[PDB]
Every structure is written in structure tokens, then in C-alpha cells.
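Only one chain comes next, encoded as C-alpha cells, the form deposited in one PDB entry.
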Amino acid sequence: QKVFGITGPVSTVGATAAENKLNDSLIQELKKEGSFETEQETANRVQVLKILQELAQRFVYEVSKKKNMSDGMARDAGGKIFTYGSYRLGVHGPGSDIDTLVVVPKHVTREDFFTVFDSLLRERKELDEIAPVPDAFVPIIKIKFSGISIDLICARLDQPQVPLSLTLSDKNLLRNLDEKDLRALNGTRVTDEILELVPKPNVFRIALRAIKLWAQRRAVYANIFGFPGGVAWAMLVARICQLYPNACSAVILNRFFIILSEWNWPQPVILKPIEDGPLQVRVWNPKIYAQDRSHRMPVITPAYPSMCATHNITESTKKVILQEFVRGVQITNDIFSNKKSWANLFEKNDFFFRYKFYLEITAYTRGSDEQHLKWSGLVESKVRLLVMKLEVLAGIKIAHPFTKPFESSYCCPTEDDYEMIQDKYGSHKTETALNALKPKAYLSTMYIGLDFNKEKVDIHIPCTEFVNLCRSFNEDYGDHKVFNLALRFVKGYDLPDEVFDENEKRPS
């Protein structure tokens, strides 16, 4: 049974009463920490999805009519919404976006999605916000609609109709699709497979809710900065579910930390045998592809074509993940022996207390929210490259990127003030000299914690290269009247208080 994975179960023993009690405690702690939304919020999501399906049909219909098709053929053309990622898995929370895919027949172009479908959304009274990003890895429209955040992508099939009955599991659907359409289909195909690959979906969901919370709190969740993201975490949980098909989620978590802490990296985590299929694309294969051999902690997607979802993991972030696995073993063991609580497991990281030195990376923009989102996105996208350059330097013991940029915005009349913002920010010694308060200047700041092992050592070259790289991406970047980029080396005693919550106090 594929549900027991590629190695067979470790144990088919069922949960005991004591284990189920630990599981009840685990669920109550998840509830206390806000993991679950209300029944009303779930209803609200279901309603917006009905509307999205209606609009997806209307979109395909309108495009079809514009290309001179009869009413019947335009109806027949169809159009269908799917969800993927956390909502589709049922592990979403009150804040969560719905990752949503719009699948359209062959005559409906990506251009049509960004014009006709985009306009259909803008005509709705329920639309709160809309931000099209036709450039992203997967071209996307991000919206808020009746208060719910929806992330919308589009895939064009090589068939003239998209009926309501359509499922995406048939790998023949991938024939004749361009790279972007393949990418677009991959998310939903993988999510759907993960669900079919675990022995008991609700055990999986509770375990994954816990790992998502744990990973966010422990600052090991962010694919962009070299940590596993949602799909990778989902697959790691799924693997352990297969090994203990009759276990309770609390037991899955204990076994998870142990197994992954002890695992023989770079040996891969795989949920089902790697499939071949009808395309000429490479499937993950460290035997024959040197890039694949380089993956440090490979977590491989099950849907054809299999790929490594954790390719971004670096030398430094691997160490952090493994450290966090070890803490998890210690703590869950203690919870099982009734010495510690689930709340102990989910305690927030102490990133800003644990290093003597930090590198601050600040992306400034003076203009619209749009070009800042684009600029910072760009700068944010390169941070992992700086980490890889820093971490291989002789003097550097670790270069540990934080997982979330600190965001800020300001009243910036001149022209002068933008200059003054770039100056007093990043150090607690000079930061107080800000206000008001908060025409606008944006900031995104990433932090890299540094551990060094005649002192120094000199990190300025990779830093300068990083700045030059980010400026290179177009002539605008590039400017200096609008876009700017700063790297600052700070001691821990001198970190800005944006970095501590009103719950901790700064070290010295």
C-alpha cells in the first residue's frame, strides 16, 4: 500500500489511552495558539470559492466569444478552479491565503488571464485589493475578496474544453505545456498526491498544523531564505505518517523529530517510487545530474515529474534545521515523560539573542508600493546567495538568515528626509533619532546572524558584490533618487528594538 510508503511501516500498533491524552493536549494547545479558524470563516472561504468558479467560467466564456466561438462552444470551453497548498490540505489558519489555480482550455492565454479575468474581478463589489504580478516564477494575481486573501495562478491545457469533472492527476495533461503551465499545475498535483499518500488524513493534518506552528516559531520556515517551506514540511510529516499508520498525531511528532534528526542526509525523503512519464524533462536523480547531488537535505515531490523541494537549503540553514530537530526530540521526549508541555515545544526562537554579530540588509524605495514590492522582492530573492558566499568564508562559523524581513514605511516629503532615513536606521544608538512616525518611503530589512570561529574577518567583498548584483537587475535600481540598498554590520547589544517584541528586553 503506497500509504505505507517505500519502506513499509515501522509499527502498526495503535494509539494507547495515554497517547490519545497527549494528543488531546496537543490539539488544545493548537486551539489556544490560534491554529484553527471559526466555522464562519470556513463558510466565508467556501462562498468566495463558489464566486471564483463562477468568474473562471465567465472568463473562459468571454474569451471564447472574443475568438468568435458559438455560445455552445464557448460554454463547452468550461473553465475550473482548484485549490492547493495549506487550504486544500486542511491545515490553514485564520490568516491563511487560499492558493488557487484557474485552469483554462488551449485558446485562453496568459494575456487573457491578466486582462479579462482581472477585469471580471475589478467589476465585483466584493473585491477589496488586487495586485497583479505577471512576472513571478508562477505569474500570479493576489487579491483580497470579501476579506479573504486569494492567490490566483493560471494554467492553460492543451485541450479545447475544461469540464467541471476535470481532475489533474493524469500526467498526460502535461503534454505540450510550456514551462510556466507545468509549474502552475505542479502545486495542485503535488498537494493532491500528498493527501492520497498518508494512511489517515486527519492524523496528518493535526501533525502538520503542529509542525507548521513549530517551524514558524522556531524560524525554520521560509523557502526564500533557505529553510523548508510549506510543501516540504507537508512531505516530511507525510513520510512519518506512512511509517506509523495507526499512531496518533502526538506520536507522529515525537517520531518525526527523532527520525529526521537522525536521518542520513543527503539521502532523500521520498513518498512513493519516482515515476517516469511522457515529457522530456529531467526527474530528480542525483546519480546522473550533478545539481541534484548537491542538494543537502532532499525532500522529493511525489507527482511526476519529481523534483527536490528543498534545493535552497545551505550549509548554515541545514545546521539550524538539524539543531531544531534535536530540540524537538528533547522536548517531545520530555512531554511524553510528563516533564514538559506542548507549549514548550512551540516557544519562539531567540535568534536576536543568540549571536554576538548581525548583518542587516535594508532595501529602500521612494515611490509606489508596487516598485518596492518588486525591489525588495528582488533584494529578498538574493539574500540566500549572500548567505552561501558568507558561509564558505574562512572566518565564518555560520551565516544564519532570519526568516521574515522587518517592514517599515514613513512620511517622506523630501528628497532630504529619504537621505536622513538611510542614515539613522539599523542601530539602537542612532535609531531613536527617527519620527515622524509612522509621500512615503518603504523599508524591508533581512538579518543574517554571524558566528565567527588577529580577529575580524573581512566580509566586505561578498557584501559589495551583493549590492552590485541587486542594482544590476535594471537601470532603475540603479537610480538612487528612488531605489537604494544598505548593508550594516551590528553587534547584538546594538540591534534596533523592531527586532524584540514587547515581551523580551534587549541584551547588552
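We number the residues from 1 along the sequence you see. Each form is matched to the other, and the largest set of C-alpha atoms that superpose within 1.5 Å is called the rigid core.
Across the other compared structures of the same protein with both neighbouring residues present, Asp417 carries coordinates in every case, with no third of them leaving it out. Coordinates for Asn338 are present in every one of the other compared entries of this protein that model residues on both sides of it, well short of the third needed to count it as often missing. Per the record, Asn453 and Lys454 are separated by 4 to 9 deposited residues that have no coordinates. In the deposited sequence, the stretch from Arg183 to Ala184 has no residues without coordinates, so the chain runs on without a break.
For the segment pair 3 to 11 and 498 to 506, the entry gives 498 to 506 the higher mean B-factor, averaged over Cα atoms. Comparing 59 to 67 with 479 to 487, the higher mean C-alpha B-factor in the PDB entry belongs to 479 to 487. Of the residues listed, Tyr87, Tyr221, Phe137, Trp263, the entry assigns the biggest Cα temperature factor to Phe137. Note on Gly277, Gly229, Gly79, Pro405: the highest value goes to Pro405, judged by CA B factor as recorded. Annotation for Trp284: C-alpha temperature factor in the middle third relative to the rest of the modelled chain, per the entry. Sort the chain's modelled residues by C-alpha temperature factor and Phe256 lands in the lowest third, per the entry.
When all modelled residues of the chain are sorted by CA temperature factor, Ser337 is found within the middle third. When the CA B factors of the chain's modelled residues are split into thirds, the value for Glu33 lands in the middle one. Annotation for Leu393: CA B-factor lies in the highest third of the chain's modelled residues.
This next part talks about the form deposited in another entry, which is not shown.
Of the residues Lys272, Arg255, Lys80, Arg296, just one CA atom moves 2 angstroms or more between this form and the one not shown under rigid-core superposition; it belongs to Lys80. In the core-superposed comparison between this form and the one not shown, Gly230 has its Cα shifted by less than 2 Å. For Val138, a C-alpha deviation of 2 angstroms or more is recorded between this form and the one not shown after rigid-core alignment.
A movement of the C-alpha atom of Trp342 falling short of 2 angstroms is seen between this form and the one not shown when the two forms are aligned on their rigid core.
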